[PDB]
Amino acid sequence: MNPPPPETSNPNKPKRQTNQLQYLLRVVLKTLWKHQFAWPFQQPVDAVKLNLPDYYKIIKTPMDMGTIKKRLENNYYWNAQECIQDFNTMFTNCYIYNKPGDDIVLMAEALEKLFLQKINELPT
Ligand SMILES: Nc1cc(-n2ccnc2)c2cc(F)cc(O)c2n1
């Protein structure tokens, strides 16, 4: 079975919109989304379909760009740093589950370097 996906809304959690968060959706996510290596990260890992039955035995804080995108569209975050942490969790989980040089890891590393370039400068 797959676990329930991470929440994309939470009425207990305060919402906010900042220039930097609009930018993380408008520019950073929506450009990463178009990368040729983006597709494995556009939705939660379906460990049933991919025959990775050990995935959620190892990965306990799963994160993906589909969840991030919905969070950004919902103004789920308080600030840009909260969103950047979700990106880092997504990359870090892929390096934890897989090994250096794996095809998926090369994909994650391409996106990560592009992500780092894009958030080097955020709007004021
Ligand atoms: N062994 C794998 C396979 C993945 N995948 C998913 C679709 N096609 C390959 C995968 C995807 C991720 F977003 C993170 C990972 O850690 C992954 N690990």
Side-chain angles (χ1 to χ4, degrees):
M1 291 149 230
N2 294 311
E7 71 184 13
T8 59
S9 64
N10 186 332
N12 285 327
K13 182 181 202 303
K15 295 174 150 200
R16 201 166 66 149
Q17 178 73 294
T18 69
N19 288 349
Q20 283 161 127
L21 276 163
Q22 321 168 8
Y23 182 80
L24 281 162
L25 176 65
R26 266 180 320 120
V27 175
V28 178
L29 189 143
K30 291 218 201 118
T31 306
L32 270 279
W33 197 269
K34 290 182 177 305
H35 193 276
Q36 66 165 342
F37 294 161
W39 65 266
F41 310 93
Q42 285 171 345
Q43 60 283 307
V45 168
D46 181 353
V48 172
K49 171 168 293 255
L50 306 161
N51 300 127
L52 312 163
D54 57 348
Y55 186 77
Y56 291 107
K57 304 199 173 341
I58 298 157
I59 299 306
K60 301 314 193 170
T61 64
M63 188 51 55
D64 67 280
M65 286 202 296
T67 301
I68 294 170
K69 179 163 183 309
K70 285 167 180 11
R71 284 175 173 199
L72 285 168
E73 294 168 333
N74 285 332
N75 301 312
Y76 171 92
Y77 297 114
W78 187 255
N79 56 33
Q81 188 51 46
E82 197 167 354
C83 171
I84 290 164
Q85 305 153 196
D86 279 347
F87 275 102
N88 290 331
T89 303
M90 175 186 75
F91 295 130
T92 288
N93 287 343
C94 179
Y95 309 142
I96 291 172
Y97 182 67
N98 302 291
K99 303 192 209 282
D102 286 349
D103 275 357
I104 187 67
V105 163
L106 295 171
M107 298 170 94
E109 272 162 1
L111 301 202
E112 192 188 1
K113 284 172 197 211
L114 174 51
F115 174 71
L116 280 172
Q117 291 164 29
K118 286 281 156 167
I119 67 160
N120 189 79
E121 221 188 344
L122 296 181
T124 166

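The first residue in the sequence is number 1, and the count goes up from there. Ligands are counted one by one from 1 in listed order, and the atoms in each one are counted from 1 as well.
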For ligand 1, what N or O to protein N or O distances fall under 3.5 Å?
| from | atom 1 | to | atom 2 | distance (Å) |
| --- | --- | --- | --- | --- |
| ligand 1 | 1 (N) | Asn98 | OD1 | 2.9 |
| ligand 1 | 16 (O) | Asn98 | ND2 | 2.9 |
| ligand 1 | 18 (N) | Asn98 | ND2 | 3.0 |

Quiz item: Would you say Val105 and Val45 are hydrophobically clustered, going by side-chain heavy atoms of ILVMFWY under 4.5 Å?
Solution: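 No, separate clusters.
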Discussion item. Do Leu52 and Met107 sit in one hydrophobic cluster, given that two such residues count as connected whenever their side-chain heavy atoms are within less than 4.5 Å of each other, even indirectly?
Written reply: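 In one cluster with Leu52: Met107, no.
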Rounded to the nearest 0.5 Å, what's the gap from [atom1] on [X] to [atom2] on [Y]? Could you check?
X	Y	atom1	atom2	answer
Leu25	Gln17	CG	CD	8.0 Å
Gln20	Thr124	CD	OG1	7.5 Å
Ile59	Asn93	CD1	CG	4.5 Å

inquiry  = Students often mix this up, so state it plainly: with edges at 30° and 60°, are the rings of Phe115 and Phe91 parallel, tilted or perpendicular?
reply    =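 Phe115 and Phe91: tilted rings.
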